[PDB]
Amino acid sequence: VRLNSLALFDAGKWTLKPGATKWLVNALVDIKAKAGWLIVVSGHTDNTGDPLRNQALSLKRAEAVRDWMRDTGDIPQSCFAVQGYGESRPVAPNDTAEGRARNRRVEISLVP
């Protein structure tokens, strides 16, 4: 089960954007429906900056979404597996714009 993308990050940030909670809650409801599944949290970035820093930054966005569901959703940290894609695999053109915001995201997939 692949959950709706979570574009919750501003440029250079791994902390959640204002307005992010409503979307994290929607994802948390979907996780509560699949109790016991492996929760794979895959982080992404836009093209701006060095690709290796973007790889590191993508892992931190994945860890932040994981710790929100761990502490603000009461789910054991052992249920998650954090992943980072860096700037590879963009969903929209990275020439700044709203597309670059679409690339600063976290994809959650549930593995039975």
Side-chain angles (χ1 to χ4, degrees):
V1 178
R2 311 201 162 128
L3 273 59
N4 281 329
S5 48
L6 294 159
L8 314 167
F9 312 90
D10 281 340
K13 287 176 152 181
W14 43 283
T15 58
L16 289 321
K17 222 157 61 166
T21 309
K22 59 167 137 317
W23 301 311
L24 288 159
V25 160
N26 185 74
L28 183 56
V29 164
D30 290 350
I31 295 173
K32 289 199 159 212
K34 290 66 167 182
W37 295 37
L38 175 65
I39 312 155
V40 187
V41 187
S42 320
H44 302 263
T45 74
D46 58 42
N47 251 37
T48 83
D50 181 71
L52 284 131
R53 282 179 150 245
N54 288 336
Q55 175 63 30
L57 182 56
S58 78
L59 271 177
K60 301 301 290 187
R61 295 174 153 171
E63 291 166 315
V65 172
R66 171 199 64 197
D67 289 339
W68 188 97
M69 297 296 204
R70 175 216 202 173
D71 288 331
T72 311
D74 197 19
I75 304 166
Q77 205 188 50
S78 61
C79 294
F80 309 85
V82 175
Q83 179 169 25
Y85 280 99
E87 63 180 53
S88 67
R89 297 191 178 200
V91 279
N94 271 309
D95 301 81
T96 64
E98 289 92 26
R100 82 180 229 278
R102 289 184 47 191
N103 300 329
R104 307 192 289 270
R105 73 198 185 268
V106 63
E107 299 263 16
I108 294 169
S109 61
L110 306 172
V111 187

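Position 1 is the first residue of the sequence, and the numbers go up from there.
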Applying ring-ring contact (aromatic ring centres under 6.0 Å, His included) as the test, list every pair that has at least one member in residues 86-112; sequence neighbours left out. none

Once side-chain contact (heavy atoms from CB on, under 4.5 Å) is applied, do any residues pair with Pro112, and if so which ones, sequence neighbours excluded? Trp37

How does the hydrophobic cluster around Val82 look, that is, which other residues are in it when side-chain heavy atoms under 4.5 Å mark a link? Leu59

Main chain of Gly86, side chain of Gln55: is a donor-acceptor contact present, judged purely on distance under 3.5 Å? yes

Report the residues that fulfil side-chain contact (heavy atoms from CB on, under 4.5 Å) with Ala92, sequence neighbours left out, ordered by chain and then residue number. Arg102, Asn103

Taking atom NZ of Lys34 as the centre, report whether more than 12 heavy atoms of other residues, nucleotides or ligands fall under 6.0 Å from it. yes

For residues 44-87, which residue pairs pass the ring-ring contact (aromatic ring centres under 6.0 Å, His included) check, not counting sequence neighbours? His44-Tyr85

Show every donor-acceptor pair shorter than 3.5 Å between a side-chain atom in residues 3-28 and any protein atom, with sequence neighbours excluded, or say none if there are none.
residue, atom, partner, partner atom, Å
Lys17, NZ, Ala7, O, 3.1
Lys22, NZ, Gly19, O, 3.1

Around atom CG of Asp71, are there more than 12 heavy atoms from other residues, nucleotides or ligands closer than 6.0 Å? yes

Using the side chain to side chain contact (heavy atoms under 4.5 Å, CB included) rule, take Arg61 and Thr45 through it: C-alpha gap first, then chi angles, then the decisive distance, then the call. CA-CA 9 Å; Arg61 295 174 153 171; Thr45 74; 3.7 Å; yes

Hits for side-chain contact (heavy atoms from CB on, under 4.5 Å) against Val29, two or more places apart or cross-chain, chain-then-number order -> none

Under a 4.5 Å side-chain heavy-atom rule over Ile, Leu, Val, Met, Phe, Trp and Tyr, are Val65 and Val91 clustered together? no

Atom pair CZ/CG of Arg100 and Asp46 - distance to nearest 0.5 Å: 6.0 Å

What residues form a side-chain hydrogen bond (donor to acceptor under 3.5 Å, both in side chains) with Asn47, not counting sequence neighbours? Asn94

Run the side-chain contact (heavy atoms from CB on, under 4.5 Å) test against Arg70 and tell me which residues pass, sequence neighbours left out. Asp67, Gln77

Excluding sequence neighbours, so at least two apart, what forms salt bridge (charged side-chain N to carboxylate O under 4.0 Å, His left out) with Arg105? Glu107

Residue pairs fulfilling ring-ring contact (aromatic ring centres under 6.0 Å, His included) with at least one residue in residues 87-112, sequence neighbours excluded: none

On a heavy-atom basis, the closest approach of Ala62 and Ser42 is CB-C, 4.5 Å

What's the spacing between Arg66 CZ and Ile39 CD1 if we round to 0.5 Å? 11.5 Å

Which other residues belong to the hydrophobic cluster containing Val111, where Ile, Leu, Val, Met, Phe, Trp and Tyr are joined when side-chain heavy atoms lie under 4.5 Å apart, directly or via other members? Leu38, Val40

Looking at every non-hydrogen atom in both residues, tell me the closest pair between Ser58 and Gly84 and how far apart they are. OG-CA, 3.2 Å

